[PDB]
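One chain is shown next in structure tokens, namely the form deposited in one PDB entry.
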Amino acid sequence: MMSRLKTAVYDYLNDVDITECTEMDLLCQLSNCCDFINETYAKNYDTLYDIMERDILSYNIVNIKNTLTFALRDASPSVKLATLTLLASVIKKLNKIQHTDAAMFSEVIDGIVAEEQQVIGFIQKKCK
């Protein structure tokens, strides 16, 4: 891995302090836009989480992968970060139950970072 966005989304998910982020600046904006997202679509996350809660508990890796992949495909930058913001909690509970590396959803991540410039575009100029 290199990219720049992808580096940022890992540290974001594996929850790394600023100043250990090689892409610290981009990281922030990710977390910003994300938080902002998490704000304006609160309903949707609540209902998604409860939905995945059986698969989250139970460590049902496949269903979680399939839930999160449904979204992506030829997604718009907007859902790409929704699914990202989702994947962030999804990973927080998985850590509390068995150490879980972001890399485990590397496919979801690839689906998130695809068309990287359009995504970086969105976090930077828009998502407000």
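All residue numbers refer to positions in the sequence shown, first residue = 1. The term rigid core refers to the most C-alpha atoms you can superpose between the two forms while keeping them within 1.5 Å.
Omitted from view is the form deposited in another entry, to which the following refers.
Relative to the superposed rigid core, the position of the CA of residue 21 differs between the shown form and the other one by 2 Å or more. Here's the thing about residue 21 and residue 32: their CA atoms end up at least 3 Å closer in the other form than they are in this form. In contrast to the form presented, in the other form the C-alpha positions of residue 22 and residue 122 draw closer by 3 Å or more.
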